[PDB]
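Protein chains in written order, with PDB author numbering: chain B, 16 to 171; chain A, 50 to 88. To keep things clear, I will list the structure first and then write my remarks on it.
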Amino acid sequence: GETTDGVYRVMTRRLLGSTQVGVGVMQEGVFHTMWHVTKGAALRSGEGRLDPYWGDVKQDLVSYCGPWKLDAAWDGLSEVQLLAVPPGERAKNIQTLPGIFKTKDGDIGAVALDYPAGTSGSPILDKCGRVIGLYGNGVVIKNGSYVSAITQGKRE
Amino acid sequence: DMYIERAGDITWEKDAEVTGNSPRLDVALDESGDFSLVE
Ligand SMILES: Cc1cccc(O)c1NC(=O)c1ccncc1F
């Protein structure tokens, strides 16, 4: 299958036609996406199979073919870009200044951008083009709008 | 049966559309990976 580094759509043919259920990142031969997109199922790339290697429901992350490789972190000061890959639409960079989720275990950056659910897994990048996390696990606030955490894994 | 399709390179775009606010929210994360607002 295709193993070139980049952003990919995650599709299924189980529902009507071909439906985009999410997005992911190929980096260093490992495919990275959010757990809720695939539920840990195996994936196809052409005639090749990608098997899950690591996953965690609470972090809402999963890696295929190898361990989680993404280790860049939001600096807490600068604007970032969401590389949004919406269903049926071209990949588009959106620049924004993250807010913050404050939790009992520490603070996390958060992005207040609204997209269809099949956009989950789209990467958030810093100014060097490094992936600082994935978009698609978050909350609905007072006005009905969406705010996603910047979810990042740990590179062992 | 799920499959993947390439959609692009991962690169920063100079002069991309700039939008979105920067809210500071108190949140909780449960064992099922769901975030909730704490008030
Ligand atoms: C629920 C979800 C999971 C993952 C990615 C998504 O991108 C969304 N939804 C929205 O952004 C969204 C837009 C507008 N109004 C509410 C919303 F939740």
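All residues carry an ideal CB built from backbone N, CA and C; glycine is no exception.
- Assigned with DSSP and collapsed to three states, B:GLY151 falls in coil, not helix or strand.
- Proximity of the beta carbon of B:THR134 to ligand 1 is indicated: a heavy atom of the ligand is located closer than 8 angstroms.
- At a cut-off of 9 angstroms, the C-beta of B:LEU65 has a neighbouring C-beta in chain A.
- Counting of Cβ neighbours within 10 angstroms places B:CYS143 among the exposed residues, the total staying below 16.
- Boundaries of the beta strand (DSSP E) around B:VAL162: 161 to 164.
- Proximity of the region 47 to 54 of chain B to the region 31 to 38 of chain B meets the contact definition, three or more beta-carbon pairs being nearer than 8 angstroms.
- Contacts with chain A at 9 angstroms (Cβ-Cβ) include B:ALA125.
- Under the three-state reduction of DSSP, B:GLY16 is assigned to coil, being neither helix nor strand.
- For B:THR118, the enclosing beta strand (DSSP E) starts and ends at 114 to 118.
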